[PDB]
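A.B. asks: Below is a structure I'd like to ask you about.
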Amino acid sequence: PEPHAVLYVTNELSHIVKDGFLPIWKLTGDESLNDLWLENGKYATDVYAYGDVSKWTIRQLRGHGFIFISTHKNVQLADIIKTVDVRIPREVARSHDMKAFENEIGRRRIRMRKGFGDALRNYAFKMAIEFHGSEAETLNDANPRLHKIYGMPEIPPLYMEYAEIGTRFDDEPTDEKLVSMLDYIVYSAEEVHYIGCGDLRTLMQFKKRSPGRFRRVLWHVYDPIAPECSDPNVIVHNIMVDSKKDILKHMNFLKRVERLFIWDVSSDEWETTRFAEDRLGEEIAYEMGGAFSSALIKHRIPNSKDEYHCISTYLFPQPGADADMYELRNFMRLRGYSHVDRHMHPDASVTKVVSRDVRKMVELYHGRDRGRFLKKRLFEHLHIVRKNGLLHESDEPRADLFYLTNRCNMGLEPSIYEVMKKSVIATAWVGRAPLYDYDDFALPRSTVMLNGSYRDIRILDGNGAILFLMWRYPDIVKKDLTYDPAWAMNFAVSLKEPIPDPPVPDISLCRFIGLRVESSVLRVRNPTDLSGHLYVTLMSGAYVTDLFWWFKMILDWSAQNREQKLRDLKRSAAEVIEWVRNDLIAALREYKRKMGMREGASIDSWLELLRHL
Ligand SMILES: Nc1nc2c(ncn2[C@@H]2O[C@H](COP(=O)(O)OP(=O)(O)OP(=O)(O)OC[C@H]3O[C@@H](n4cnc5c(=O)[nH]c(N)nc54)[C@H](O)[C@@H]3O)[C@@H](O)[C@H]2O)c(=O)[nH]1
Ligand SMILES: Nc1nc2[nH]cnc2c(=O)[nH]1
Ligand SMILES: Nc1nc2[nH]cnc2c(=O)[nH]1
């Protein structure tokens, strides 16, 4: 709503910037500390800035909201040598088009959006066990043997009891049929019996394509026509399969593992054959309900039958499958050991299918130039546990990311805070901007700042948090990590996180950019320094910082002593950019004087924590 980035460019690139209609800061590397804070403090939109920034650290530069743009991969600093955030392609200078240039900045900038979410996420796999409002991404980096991934993802087209279908959505071309099958089924199974594995280009491309989850799986692959395989996680079977005795002989019962059953089998004048192949695929699985958690059985749709039977949990259109291709896969969940609790997905049973309702089903969702999102929601739906955060009570520690402030959750604020009162790490939208690509609403910053900050719960804006995690967990969040601080500040981040001893006023906490431009706007629109300094932060709802800690840094920490207090920075490897109980309590009084009801206990709670400490 207010937060900007400084789009710092390098020298060769500078001259053009001068053309476009956004403001240009200019340096001049001297410039004492307190210049950059008052200058930067001017610009209300994003800016461009060029010139010598030798002397500064990075955290110092990110705290200002710098984004680094050059023809070069990097740029000298005082802290370290920072990988350029946005690299302009040569020709796409050069040529000085101002628009091509700017247009260029934005893309990468949205490409940057992931970096942020990532560091965060990455912290939480270092911390939490439950995850709520998850998706394919959080899935993608989950250790399924430890993490516990929940949410309510948007559900794919299914046949069962039961139809409702479709309805149709836009989609995109994806990995070929068979591979793209593997793609959504293989998430947590430790062992995989693949019946009918053919020439194997299938399975092999899966490896050459997504190697990790290939390699943490054991693969029995049954087929007469199957080749040899050097890969030692691939016990290859050249027997053909009519029974479960062909599969049983090859399992270790002394050890509990999640096993997966994939049946994809067809022979070489009509084809009941085709049929009693699939049925068997299934039957063999069904007998072995007891060992497998799952079955991705092939299921071609008959010509000669108007409605038929089968044992199934779900039925669905396979992504990247040819339009004419009239074959859905059947998914059967089963009783048998699993790291993902699938009980919600009903215990695979007998199912009457109206061929034509299935016919239509292929007709909406199949097509070579489709499948991308289908695949997601298939994958998403199969391996996330359908549970709802605001409502769910956890015995273990949890993470609550980028789902809380979604438009579905509207008006149920109370719960949201209760979450943030005890989530390892959760996040809320706060940005008051237009603001494309993102569908959330935002919380009054003030309200966040006050409900949010607890003894255990640290309450920063996204950037603030990034800075903090850099400073506290330097190798969950490398200093070099590319992210966009502007955007990072449309987020409110909470962390189960002790206030520092000593409460050193590190950038991660103490940034407050443009608080002066912020203040005077106040006075001319709704009128009425450390005392007032506080009132603004709240009145502005430009800022989301950790009240508690900030408090505790003032009275317990500053002053104290110029001498004795830097020193306790050194040391705490902290750093800064700006270089009494009776004051603050008035701030509060005045603030809620201007806002009964529309807040905020609490306040009351906060006041009565000074008038006690
Ligand atoms: N190695 C090997 N594999 C075989 C063989 N036959 C089928 N497959 C396996 O069938 C899968 C899908 O085939 P495709 O999608 O081309 O067609 P289907 O197998 O249904 O065709 P099929 O029923 O065997 O042939 C008759 C024709 O019916 C046509 N058809 C038209 N409308 C429909 C419909 O509504 N439903 C079905 N099932 N078929 C329809 C199909 O296009 C098809 O060409 C292939 O991936 C392969 O694994 C074979 O002889 N050798
Ligand atoms: N910043 C950000 N990163 C993400 N990574 C995946 N989803 C998101 C998101 O909504 N925001
Ligand atoms: N099946 C599947 N779908 C995805 N959608 C985005 N990433 C993935 C992935 O790794 N697997």
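A.B. asks: Near the amide H of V385, under 5 Å away, which other amide H atoms are found, from residues 5 or more places off or on another chain, if H is placed in the peptide plane?
C.D. replies: Counting only residues 5 or more places away or on other chains, the set is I149, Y150, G151.
A.B. asks: Continuing with this model, one more query. Going by a ≥ b ≥ c, the root eigenvalues of the Cα gyration tensor, does the chain fall in the rounded group (a/c under 1.5), the prolate group (a/b larger than b/c) or the oblate group?
C.D. replies: Verdict is prolate for the chain.
A.B. asks: To the nearest 20 debye, what is the magnitude of the charge dipole of the chain about its Cα centre, counting +1 on the Cβ of each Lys and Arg and -1 on the Cβ of each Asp and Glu?
C.D. replies: 1360
A.B. asks: May I ask you to evaluate 6.51 cos²θ - 1.76 cosθ + 1.60, the Karplus curve with θ = phi - 60°, for each residue of the range 310-322 and list the ³J(HN,Hα) values in order in whole Hz, giving x for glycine and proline?
C.D. replies: So the Karplus estimates, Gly and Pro as x, are 5, 9, 7, 9, 9, 9, 7, x, 9, x, x, 7, 3 Hz.
A.B. asks: Now for a different question. Could you tell me whether the range 373-440 comes out rounded, prolate or oblate from its Cα gyration tensor? Rule is a ≥ b ≥ c as square roots of the eigenvalues, rounded for a/c under 1.5, then prolate if a/b exceeds b/c, otherwise oblate.
C.D. replies: Oblate, since a/c reaches 1.5 and b/c is not below a/b.
A.B. asks: Once phi is turned into θ = phi - 60°, what whole-Hz ³J(HN,Hα) does the Karplus curve with 6.51, -1.76 and 1.60 give for every residue of the range 483-491, x standing for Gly and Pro?
C.D. replies: Karplus-based 3J(HN,Hα) across the range 483-491 equals 8, 9, x, 3, 3, 3, 8, 8, 10 Hz.
A.B. asks: Then there's this: Past 29 Å, Cα to Cα, is the threshold; run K245/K375; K26/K73; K55/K126 against it and keep the listed order.
C.D. replies: Distance filter (> 29 Å) returns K245/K375; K55/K126.
A.B. asks: Give me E135, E396 ranked fewest to most by other Cβ atoms within 10 Å of their Cβ, as a rough exposure proxy.
C.D. replies: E396, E135
A.B. asks: If each residue's Cβ is checked for other Cβ atoms within 10 Å, how do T138, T528, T447 rank with the fewest at the top?
C.D. replies: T528, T447, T138
A.B. asks: Cross-chain or 8 or more residues apart, Cα under 30 Å: how many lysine pairs in the range 515-612 fit that? Count them up, please.
C.D. replies: Summing the qualifying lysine pairs gives 4.
A.B. asks: Going Cα to Cα from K421, which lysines come in below 18 Å? Please leave out same-chain ones fewer than 8 positions away.
C.D. replies: Leaving aside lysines fewer than 8 places away in the same chain, those within reach of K421 are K496.
A.B. asks: Still on this structure: Quick check on the exposure proxy: order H250, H383, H343, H147 from fewest to most C-beta atoms within 10 angstrom.
C.D. replies: By the 10 Å Cβ count, ascending, the order reads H343, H250, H147, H383.
Positions of Cβ are backbone-derived with ideal geometry, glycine not excepted, and every protein chain shown enters the neighbour counts. Every number in this text was worked out from the coordinates using simple rules, so none of it is lab data.
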